Amino acid sequence: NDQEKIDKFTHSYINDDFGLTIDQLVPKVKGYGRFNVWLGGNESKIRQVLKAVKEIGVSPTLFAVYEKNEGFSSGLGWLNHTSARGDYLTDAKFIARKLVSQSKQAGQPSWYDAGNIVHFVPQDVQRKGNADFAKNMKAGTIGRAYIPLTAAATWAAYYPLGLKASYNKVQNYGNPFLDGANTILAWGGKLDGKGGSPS
């Protein structure tokens, strides 16, 4: 039931804490990503970061879960989103505001890699994905923030087979939505809970 976990995840608001608090998050993430490389695992700086993104409108749970699953990568700021700003706090707030913008963006799913064109997603699958995104992917949701912008995000949300090299013919891509859901549950969170808000 990976698709069920993906669906619950992509359709949540980016400010959904998934039943986890910052207190519960800090010990879980201190060894991962830039909580480790940038902050050396220091709990007060981790709290500073999580509180800051929360104030902007990004759930500390989503931020931490994505940072854990993305990891550190040379040249990129939090969540491997783009080029790193000048300091860790400026970068967290930059990416938080960027994620809030993207979660409200217009768009439609991207079914093929514009840089390695292989048309392979079945037509009826594209129809279902296009319709869900237009009708059910609300403003301020995780799905809306990522799906329109890359083919890999569209495949992860709507056709996970496309992530495999055997299908897209370029390489194996990870699924951030599935990995995020599994980390939340592994950490004692919930996908079938109250939820978030569009604030």
# chains A, B, ... in the order shown; residues from 1 in each chain; ligands from 1
>>> residues_around(residues="residue 192 in chain A", least_positions_apart="4", cutoff="10 Å", atoms="only C-alpha atoms", output="ChimeraX atom specification")
/A:5,8-9,18-19
>>> write_last_selection(atoms="N, CA, C and O atoms", output="PDB file, in the first residue's frame")
ATOM      1  N   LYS A   5       0.159   5.396   1.022  1.00  0.00           N
ATOM      2  CA  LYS A   5       1.018   6.271   1.813  1.00  0.00           C
ATOM      3  C   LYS A   5       1.457   7.487   1.007  1.00  0.00           C
ATOM      4  O   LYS A   5       1.454   8.613   1.519  1.00  0.00           O
ATOM      5  N   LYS A   8      -1.675   9.894   0.754  1.00  0.00           N
ATOM      6  CA  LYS A   8      -1.865  10.646   1.988  1.00  0.00           C
ATOM      7  C   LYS A   8      -0.796  11.720   2.144  1.00  0.00           C
ATOM      8  O   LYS A   8      -1.082  12.833   2.601  1.00  0.00           O
ATOM      9  N   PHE A   9       0.440  11.408   1.756  1.00  0.00           N
ATOM     10  CA  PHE A   9       1.541  12.344   1.958  1.00  0.00           C
ATOM     11  C   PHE A   9       1.446  13.529   0.999  1.00  0.00           C
ATOM     12  O   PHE A   9       1.420  14.688   1.428  1.00  0.00           O
ATOM     13  N   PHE A  18       1.964  16.157  11.240  1.00  0.00           N
ATOM     14  CA  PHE A  18       1.864  14.697  11.226  1.00  0.00           C
ATOM     15  C   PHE A  18       1.959  14.104  12.633  1.00  0.00           C
ATOM     16  O   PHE A  18       2.445  12.985  12.824  1.00  0.00           O
ATOM     17  N   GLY A  19       1.487  14.850  13.629  1.00  0.00           N
ATOM     18  CA  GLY A  19       1.446  14.357  14.991  1.00  0.00           C
ATOM     19  C   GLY A  19       2.769  14.330  15.718  1.00  0.00           C
ATOM     20  O   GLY A  19       2.859  13.708  16.780  1.00  0.00           O
TER      21      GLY A  19
END
>>> residues_around(residues="range 60-66 of chain A", least_positions_apart="2", cutoff="8 Å", atoms="only C-alpha atoms", output="VMD selection string")
chain A and resid 14 to 18 20 to 22 25 29 50 to 51 53 to 54 58 68 to 70 79 176 180 183 to 184
>>> write_last_selection(atoms="C-alpha atoms", output="CSV table (one decimal), in the first residue's frame")
chain,number,residue,atom,x,y,z
A,14,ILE,CA,3.0,21.6,4.0
A,15,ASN,CA,2.2,22.9,7.5
A,16,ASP,CA,1.0,19.5,8.7
A,17,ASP,CA,3.0,18.3,11.7
A,18,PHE,CA,1.9,14.7,11.2
A,20,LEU,CA,5.1,15.0,15.8
A,21,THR,CA,6.4,17.9,17.9
A,22,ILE,CA,9.8,19.8,17.7
A,25,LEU,CA,11.9,15.8,16.2
A,29,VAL,CA,17.2,14.3,13.1
A,50,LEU,CA,12.7,24.2,13.2
A,51,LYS,CA,11.0,27.1,15.0
A,53,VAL,CA,10.5,27.4,9.3
A,54,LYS,CA,7.4,26.7,11.4
A,58,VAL,CA,6.5,24.9,6.8
A,68,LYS,CA,16.9,13.4,6.6
A,69,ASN,CA,16.0,11.7,3.4
A,70,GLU,CA,17.8,14.2,1.1
A,79,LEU,CA,16.4,20.0,1.5
A,176,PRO,CA,10.6,11.5,-1.6
A,180,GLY,CA,8.8,10.9,3.8
A,183,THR,CA,10.0,8.2,8.1
A,184,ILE,CA,7.0,9.9,9.7
>>> select_by_dssp(residues="range 6-181 of chain A", states="alpha helix (DSSP H)", output="JSON, numbers by chain")
{"A": [6, 7, 8, 9, 10, 22, 23, 24, 25, 26, 27, 28, 29, 33, 34, 35, 36, 37, 43, 44, 45, 46, 47, 48, 49, 50, 51, 52, 53, 54, 55, 56, 60, 61, 62, 63, 64, 65, 66, 67, 68, 69, 70, 88, 89, 90, 91, 92, 93, 94, 95, 96, 97, 98, 99, 100, 101, 102, 103, 123, 124, 125, 126, 127, 128, 129, 130, 131, 132, 133, 134, 135, 142, 143, 144, 145, 146, 151, 152, 153, 154, 155, 156, 157, 158, 165, 166, 167, 168, 176, 177, 178, 179, 180, 181]}
>>> closest_residue(among="A:47, A:145, A:119, A:134", to="residue 104 in chain A", atoms="only C-alpha atoms")
A:145
>>> closest_residue(among="A:112, A:177, A:72, A:32", to="residue 146 in chain A", atoms="only C-alpha atoms")
A:177
>>> closest_residue(among="A:117, A:131, A:76, A:52", to="residue 97 in chain A", atoms="only C-alpha atoms")
A:52
>>> atom_distance(atom1="CA of residue 23 in chain A", atom2="CA of residue 41 in chain A")
14.1 Å
>>> closest_residue(among="A:45, A:194, A:144, A:30", to="residue 92 in chain A", atoms="only C-alpha atoms")
A:45
>>> select_by_dssp(residues="chain A", states="strand (DSSP E or B)", output="number ranges by chain")
A: 13, 76, 83, 141
>>> closest_residue(among="A:91, A:178, A:48, A:148", to="residue 160 in chain A", atoms="only C-alpha atoms")
A:178
>>> closest_residue(among="A:24, A:182, A:38, A:110", to="residue 86 in chain A", atoms="only C-alpha atoms")
A:38
>>> atom_distance(atom1="CA of residue 103 in chain A", atom2="CA of residue 141 in chain A")
5.5 Å
>>> residues_around(residues="residue 108 in chain A", least_positions_apart="2", cutoff="12 Å", atoms="only C-alpha atoms", output="PyMOL selection string")
chain A and resi 105-106+110-111+126-135+137+143-151+153-154
>>> residues_around(residues="residue 174 in chain A", least_positions_apart="2", cutoff="8 Å", atoms="only C-alpha atoms", output="JSON, numbers by chain")
{"A": [156, 163, 172, 176]}
>>> residues_around(residues="residue 80 in chain A", least_positions_apart="3", cutoff="10 Å", atoms="only C-alpha atoms", output="list in words")
residues 33, 34, 66, 67, 70, 71, 72, 73, 74, 75, 76, 77, 83, 84 and 95 of chain A
